[PDB]
Amino acid sequence: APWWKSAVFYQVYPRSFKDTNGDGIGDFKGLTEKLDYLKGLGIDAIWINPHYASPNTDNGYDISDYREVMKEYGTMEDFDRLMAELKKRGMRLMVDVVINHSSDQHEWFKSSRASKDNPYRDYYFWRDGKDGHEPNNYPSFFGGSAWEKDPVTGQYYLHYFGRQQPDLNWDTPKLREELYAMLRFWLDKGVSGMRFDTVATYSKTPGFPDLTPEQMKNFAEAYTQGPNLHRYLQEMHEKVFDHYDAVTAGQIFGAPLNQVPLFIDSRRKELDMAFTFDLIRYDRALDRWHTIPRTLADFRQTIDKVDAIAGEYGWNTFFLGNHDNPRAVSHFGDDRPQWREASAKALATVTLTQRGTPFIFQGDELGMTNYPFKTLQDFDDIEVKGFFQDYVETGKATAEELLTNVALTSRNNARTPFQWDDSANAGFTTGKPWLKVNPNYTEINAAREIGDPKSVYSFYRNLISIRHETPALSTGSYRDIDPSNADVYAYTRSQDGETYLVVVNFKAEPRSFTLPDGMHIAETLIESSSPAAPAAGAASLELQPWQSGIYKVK
Ligand SMILES: [Ca+2]
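Its PDB header attributes the entry to X-ray crystallography and lists the resolution as 2.0 Å.

And the structure:
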């Protein structure tokens, strides 16, 4: 097993992690000076969100130069220092790779758009409109049509995401070669990993025919069905990742779960592991903003299916939070004062005992919660603006209805400044933060929790150590004890004759758990919200509200 199967990752959204110069935006020197903190927590590797030159219409995901560092984060020297300081700590760096699209301010697009006949025309998708409208009926994730007309040439360009995020043309060999050289630029600097943003949408459908009514309903899935997708991913592995020791992780958004093995089966020489969307969006509607009621049964059944697509040769990541989703404890736990800490601990136990490489999203180790928006403009984000364009301006929904749902689902919930201490703006900045800090920072902050052995932080820290010292908890088999149970999440992890039992009550009421026949408790490794460990030999557990536990069984 390669190092990454037993690693615990931490995701840093540098823009909201640590500001060191008072401009209100997190930067590299902030991250670097917090490495001791991350090492102390027990982190093996960090994935950072995009760190490249960008106009920031999508906070890093609209890249205007792949070979320069974003001005807000620092200089190339700062990046070099970050890597050096990670390596001194024995820690690895995974960077975000955004090559489905570039900023419209990238010099390639500026050149491409300039005329119909120039050497950069085919680095993007340019097409005549049809019948006085767009080339076809493709919608954008960020509002309106995915085609944007350019008065310079009178043709439309393709953008699945923002209008200022034109899609790169993977059908053009010279463009593919540019991407590979660019990736070598960073890999030559020693980065240890790459995460590929929307890796499944690289291939476009020949001829751009209209989406059928059915496909229009789930266009996200349709955009992942490009017929040259795996050809391209395989070429990239051959031309790039074969020549380095870096680990690769694809964000496979939109793709049906049964296709995931095509990305991660090691024999296929594409990616090493998968970020899948099934679990994190298990309670999201197809419109991507409405919530849908779900139970623990739905939660655990999704995990089981996702675990199954890995098989002997594939590998999954596991995460309950990221920069594109609401806060873990609010989303999956219960963020009310009486249950925030208890449920946050419970989800920690889950995260660090799943099969796959766990990714901890910044702030979740403190039990940070969703933000208490009012209306606009606490919601300033290109995605929400698109929801407004598609659903409110069109009369399909009111602003209150949109805001009611996006209060619960907006990715802005996960982008509020990390809560370091109880000083002004939670010690995140000495100025005014680009996004308001959650007022609960006075209670939920790192300085308070690091000194408290009962804290969510301390629990995550203890779990990370337990996972590090217990091979079965990383690479062991996974078996769900009862996929139909909507109250208590219970499963085993097993390897080399050693079996561990994980038991997590998802209700705020007492519950019981009968171990499967033949199985008894041998040792209790850890528990949360439990006044006392079970007796050695127990065939049953009595669970306090939101109790979690890890036990070795006999
Ligand atoms: Ca700054």
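(A) Summary view of the sheet that holds strand 6 (residues 126–127). Taken in spatial order, the 3 strands make up an open sheet running 6-8-7, and their pairing is antiparallel. Taken across any chain shown, the strands that pair with only one partner, and hence form the sheet edges, are strand 6 and strand 7 (147–150). Relative to strand 8 (residues 155–158), strand 7 runs antiparallel, the two being bridged by 4 bridges. Each residue of the ladder has a partner; that of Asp-150, found in strand 8, is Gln-155.

(B) Representation of the pattern of salt bridges in the model. A full pass over the atoms with the stated rule returns 28 salt bridges. Linking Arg-176 and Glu-235 is a salt bridge whose minimum nitrogen-to-oxygen distance equals 2.7 Å. Here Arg-176, found in helix 5 (residues 173–187), pairs with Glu-235, found in helix 8 (residues 229–239); they are 59 residues apart in sequence, far enough to count as distant. Residue classification places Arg-176 among the buried positions, given a relative accessible area of 10%. Assessed through its relative accessible area of 22%, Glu-235 is described here as partly exposed. The partner of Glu-383 in a salt bridge is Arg-288, with the nearest N and O atoms 3.6 Å apart. Of the two residues, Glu-383 is situated in helix 13 (residues 382–392) and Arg-288 in the loop between strand 11 (273–275) and helix 10 (296–308); the sequence distance between them amounts to 95 residues. With a relative accessible area of 12%, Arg-288 lands in the buried category. Via salt bridges that share partners, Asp-58, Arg-288, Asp-324, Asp-381, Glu-383, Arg-411 and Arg-415 belong to a single interconnected network.

(C) Structural context of the coordination of the calcium ion. Every protein donor of the calcium ion is accounted for by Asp-19 (OD), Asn-21 (OD1), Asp-23 (OD), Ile-25 (O) and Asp-27 (OD), and the metal-donor separations fall at 2.3 to 2.4 Å. If you list the donors of the calcium ion from N- to C-terminus, the spacing comes out as D-x1-N-x1-D-x1-I-x1-D. A residue is classified by how much of its surface remains accessible, and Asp-19, at 3% relative accessible area, is buried.

(D) Focus on the pairing of strand 9 (residues 193–196). Here strand 9 shows a buried face lined by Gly-193 and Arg-195 and a second buried face lined by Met-194 and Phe-196. As defined by bridge partners, strand 9 adjoins strand 10 (residues 247–251) across 4 bridges and the pair is classed as parallel. In the strand pairing of strand 10, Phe-196 is matched with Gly-250.

(E) Region of interest: the sheet that holds strand 14 (residues 477–480). The 5 strands are arranged 14-15-16-20-18 in an open sheet whose pairing can be described as antiparallel. Since the sheet does not close on itself, it has two edges, and those belong to strand 14 and strand 18 (521–528), each with one partner. Along the sheet, successive strands turn relative to each other by an average axial angle of 20°, direction set aside. Bridge analysis of strand 15 (residues 488–495) against strand 16 (residues 498–505) gives 8 bridges, and the strand direction is antiparallel. By the bridge assignment, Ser-494 is partnered in strand 16 with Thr-499. Where helix 10 meets the sheet, it contacts strand 14 and strand 15, and its direction lies at approximately 20° from that of strand 15.

(F) A look at the side chain of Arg-467. With respect to the secondary-structure elements, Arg-467 resides in helix 16 (residues 456–468). Comment: no salt bridge for buried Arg-467; closest opposite-charge side chain is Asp-44, at 7.5 Å. With residues up to four places along the chain from it excluded, the contact list for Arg-467 reads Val-8, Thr-351, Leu-352, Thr-353, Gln-354, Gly-356, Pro-358, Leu-473 and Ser-474.

(G) Molecular detail of the packing of aromatic side chains. Summed over all chains, the structure comprises 55 aromatic pairs. Ring plane angle 65° and centroid distance 6.4 Å describe the contact between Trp-170 and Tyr-180, whose orientation is recorded as edge-to-face. Here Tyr-180 lies in helix 5 and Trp-170 lies in the loop between strand 8 and helix 5, a separation of 10 residues in the sequence. Take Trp-170: its relative accessible area is 0%, and that puts it in the buried class. Ring geometry for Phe-196 against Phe-241: centres 5.6 Å apart, planes inclined by 80°, an arrangement best described as edge-to-face. Within this pair, whereas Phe-196 is found in strand 9, its partner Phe-241 is found in the loop between helix 8 and strand 10, the two being separated by 45 residues in sequence. Across the pair, exposure class does not vary: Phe-196 and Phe-241 are buried alike. Taking NZ or CZ as reference, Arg-15 lies 4.3 Å from the ring centre of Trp-434, over its face.

(H) Inspection of the packing of helix 13 against helix 14 (residues 399–409) at higher detail. At a minimum axis distance of 10 Å, the contact between helix 13 and helix 14 shows a crossing angle of 140°. Both helix 13 and helix 14 take part in a crossing whose hand is right-handed. Residues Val-384, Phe-387, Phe-388 and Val-392 of helix 13 form the contact with helix 14, whose participating residues are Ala-399, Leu-402 and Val-406. Of the residues belonging to the contact of helix 13 with helix 14, the class tally is 7 nonpolar, no polar and no charged.

(I) Broad picture of the environment of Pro-433. Residue placement: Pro-433 occurs in the loop between helix 14 and helix 15 (446–450). Expressed as a C-alpha distance, the spacing of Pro-433 and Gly-24, which sit 409 residues apart in the sequence, is 3.9 Å. The contacts of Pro-433, once residues within four sequence positions are left out, are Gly-24, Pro-417, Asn-425 and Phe-428.

(J) Expanded view of the domain arrangement of the protein. Domain annotation of the protein identifies domain 1 (1–102 + 173–476), domain 2 (103–172) and domain 3 (477–554). Averaged C-alpha coordinates put domain 1 and domain 3 at centres separated by 29 Å. Taken residue by residue, the interface counts 34 residues in domain 1 and 32 residues in domain 3. Among the residues domain 1 hides against domain 3, the three largest losses belong to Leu-296, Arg-300 and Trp-339. Together they make up 23% of the total. One salt bridge in this structure joins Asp-480 and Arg-300, with 2.7 Å as the shortest N-O distance. Summed over the shared surface of domain 1 and domain 3, the number is 19 residue pairs in polar contact. For the side of domain 1 that touches domain 3, the secondary structure elements donating two or more residues are helix 10, helix 12 (340–351), helix 16 and helix 17 (472–475). The greatest single-element share of the side of domain 1 that touches domain 3, amounting to 8 residues, is contributed by helix 10. Considering only residue class, the side of domain 1 that touches domain 3 consists of 16 nonpolar, 12 polar and 6 charged.

Rules used throughout
Within each chain the numbering goes from 1 in written sequence order, not necessarily matching the entry, and residues lacking coordinates are not shown. As a rule here, side-chain values cover all heavy atoms of the structure and leave hydrogens and water aside. Residues with missing side-chain atoms are left out of burial classes, side-chain pairs and their counts. Pairing between two strands is assigned when DSSP locates at least 2 bridges connecting them. In this text, helices come from DSSP runs of H or I with a minimum length of four residues, and strands from runs of E with a minimum of two, each type numbered from the N-terminal end. The rule for a salt bridge is simple: a side-chain nitrogen of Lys or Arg has to be within 4 Å of a carboxyl oxygen of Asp or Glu. Only protein chains enter the accessibility calculation, which uses a 1.4 Å probe; a residue is then buried when its area is under 20% of its type maximum, exposed when over 50%, and partly exposed in between. Donor criterion used throughout: N, O or S atom within 2.8 Å of the metal, extended to 3.2 Å for Na, K and Ca. Water excluded; incomplete-looking sites may result. Axis definition: a line fitted to C-alpha atoms, over the contacting stretch in the case of helices. Angles run 0 to 180 degrees between N-to-C directions. Note on contacts: a residue pair qualifies if any of its non-hydrogen atoms lie within 4.5 Å across the two residues. Charge convention: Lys and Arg are scored as positive, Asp and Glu as negative, and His as well as the terminal groups of each chain are ignored. Only the six-membered ring of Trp is used, alongside the rings of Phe and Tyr, when aromatic pairs are assigned; centres must lie within 6.5 Å, and planes under 30 degrees apart are stacked while those over 60 apart are edge-to-face, with the rest tilted. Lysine and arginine charges are scored as sitting over a ring when NZ or CZ, respectively, is within 6 Å of the ring centre and within 35 degrees of the ring normal. Take the far helix as the reference: if the near one is turned anticlockwise from it by less than a right angle, the crossing is left-handed, and if turned clockwise, right-handed. Amino acids outside the nonpolar list (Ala, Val, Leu, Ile, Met, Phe, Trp, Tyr, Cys, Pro) and the charged list (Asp, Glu, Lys, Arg) are all regarded as polar, and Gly is one of them. Each domain's extent is set by a domain assignment, obtained either automatically or from a database. Two parts placed together each lose some accessible area under a 1.4 Å probe, and the buried area is that loss summed for both. Residues adjacent in sequence count toward polar contacts only when both atoms are side-chain atoms; beyond that, a polar contact is any pair of N or O atoms within 3.5 Å, and within protein one must be able to donate a hydrogen and the other to accept it.

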